[PDB]
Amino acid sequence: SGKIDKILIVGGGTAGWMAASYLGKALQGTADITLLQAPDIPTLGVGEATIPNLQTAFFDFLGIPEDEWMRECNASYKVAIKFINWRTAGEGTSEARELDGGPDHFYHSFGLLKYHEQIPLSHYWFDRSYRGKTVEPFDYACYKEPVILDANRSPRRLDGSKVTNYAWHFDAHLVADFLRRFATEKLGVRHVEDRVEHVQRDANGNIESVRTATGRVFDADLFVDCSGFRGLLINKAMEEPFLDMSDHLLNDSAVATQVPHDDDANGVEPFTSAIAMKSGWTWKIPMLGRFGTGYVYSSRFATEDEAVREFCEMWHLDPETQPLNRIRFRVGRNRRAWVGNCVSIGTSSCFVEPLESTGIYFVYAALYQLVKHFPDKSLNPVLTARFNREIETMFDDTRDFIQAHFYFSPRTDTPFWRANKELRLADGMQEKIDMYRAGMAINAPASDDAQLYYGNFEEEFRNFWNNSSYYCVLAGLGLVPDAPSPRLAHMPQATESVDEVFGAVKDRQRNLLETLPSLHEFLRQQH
């Protein structure tokens, strides 16, 4: 048994061609990579949102500069997720209700909270807010972004210079085809259109070959399952159980479409919107000339017909003739992502609703971990176990985080919102909440330098949902600590000199609002 010579990727979606590119690049010249792709019924481009380390962990690894892949994938910019109507009762409407003398929205941005005297700014904010010396919401106090996104500002100046961390909106299909052109033309990855009919296992349970409907036989040392929800290798052949996590997350379906948009009349929003509905929530993902939107809902509280009506009524579309994608979801993960010589990547591995833009991240996180734990033909079980462990906490921490959005929403107005609250949080989530209520940071980053964070994948992986995110969502929803951090009573000079830090955020808010172009103005100049 020596090094891995041949790899077969089954599936050609976004997960499949990311796997081909990432492995083709990481193993360039030392493995023969073949990807089998069957023709499928095409779907509408309903948009995908990403996170900053898509450029630094994935496209940079491939050697592809941001502007080369954005121009082909007709991409727009994402500075935040804006959460609309999660605290107020009513119908599913794109317009924000009023709450406390302002619109009912909050932002989850990408910046990291600045440390002041070893303590995150979130704790100083809560200190003032608790003692009644401020009523400003958490996000507006601590981040510059909310003010400039309220104004649809660009994250780059017209000279290109970057003023905030950002990620991307795009149609996943265009990226998949950009990558297929890249893997096949630049990395030697070989594309074969064919449909798997039968998987041959040996007496050790490993995959020996796949036989296509053509009668061609593909053998390989390592098999990457990118077949999506079907899991034609990890689940069908290897029989690995799927853990259903509907005791943590009730959402299991979506209806989505794509809406033309006049960017010169209305501008382009530099964020993804997550709009609370009666039985779930709706995404809006701006792109060029159009936006993708989808209603993620719980089949147990809304029939598909009601969801379609709620979804169409909200965008004033025809429930009968609007081209819709109707989807039923597998929510959860495999008991183990990698079994024998079969690695699952993408939705064949795990799926959670895209409330925090993790779909694509789960793909290239797993491949980074796959290469880090790359085997040889002896398939040392410790590599397989280590990988599985990383994939397991990556998903479960996200499941936990996403659940908190529903658990801590104060809404009680529909059976869906009342039911979410009846679920139990996972033990590791409950323990984080206890910490948060006691005034401590949750997974505070070691440094507050965002380049170190978003530029170093292991630093960000080891601390993916950090204190800034927890505050954004938890404080946003209105769950706040029972009392300030007790150290702050012993730090009379820190709590006074901290005002100059909040005032710095305000100076940035005011100055960036006056000098930045709108996102649309910036997009036009690019092209």
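Numbering starts at 1 and runs along the sequence shown.
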Quick one: say whether 195 to 203 or 77 to 85 has the higher mean Cα B-factor in the deposited entry. 195 to 203
If you take the mean CA temperature factor per stretch, which one wins between 272 to 280 and 67 to 75? 67 to 75
Considering every modelled residue of the chain and its Cα B-factor in the PDB entry, is residue 158 in the lowest, middle or highest third? highest
Residue 19's Cα B-factor: lowest, middle or highest third of the chain? lowest
Comparing against every modelled residue in the chain, figure out the third that the C-alpha B-factor of residue 43 lands in (lowest, middle or highest). highest
Would the CA B-factor of residue 27 place it in the lowest, middle or highest third of its chain? highest
With respect to C-alpha B-factor, does residue 516 fall in the lowest, middle or highest third of the chain as deposited? highest
